[PDB]
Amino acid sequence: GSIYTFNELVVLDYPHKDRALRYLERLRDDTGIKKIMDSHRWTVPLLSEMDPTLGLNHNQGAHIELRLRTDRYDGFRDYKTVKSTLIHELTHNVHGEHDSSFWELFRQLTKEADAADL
């Protein structure tokens, strides 16, 4: 497999953490996410669940965090929304500020990752 992936997944110590882990695995394995990480040559050492401000990118892709939960028991955010937050965080591998260049790349990555054939 490709080196352009998330090398380690981490979830928090909340009820149904096995479900949070499956959520991160789904994002890592998402064909659209893989396409853009391959196209843009991104390796992210760590992808974590953010404590339940919907995502973070630390040090240009050393570590990305995503808020998966809507509460502290079994409420989770919808996949489409979290996937798009992940694309936002990946865009911060290149652009620090939410400027025109950021949003241009965000739109291009979004289109790639949403392609109908994947």
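Just count from 1 along the sequence shown to find any residue number.
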| item | value |
| --- | --- |
| Deposited-sequence gap flanked by residue 52 and residue 53 | 4 to 9 |
| Entry-level comparison of average CA B-factors, 10-18 and 96-104, reporting the higher stretch | 96-104 |
| Which of 53-61 and 82-90 has higher mean CA B factor, as the PDB entry lists it | 53-61 |
| Options 34, 26, 67, 72 - largest CA temperature factor per the record | 72 |
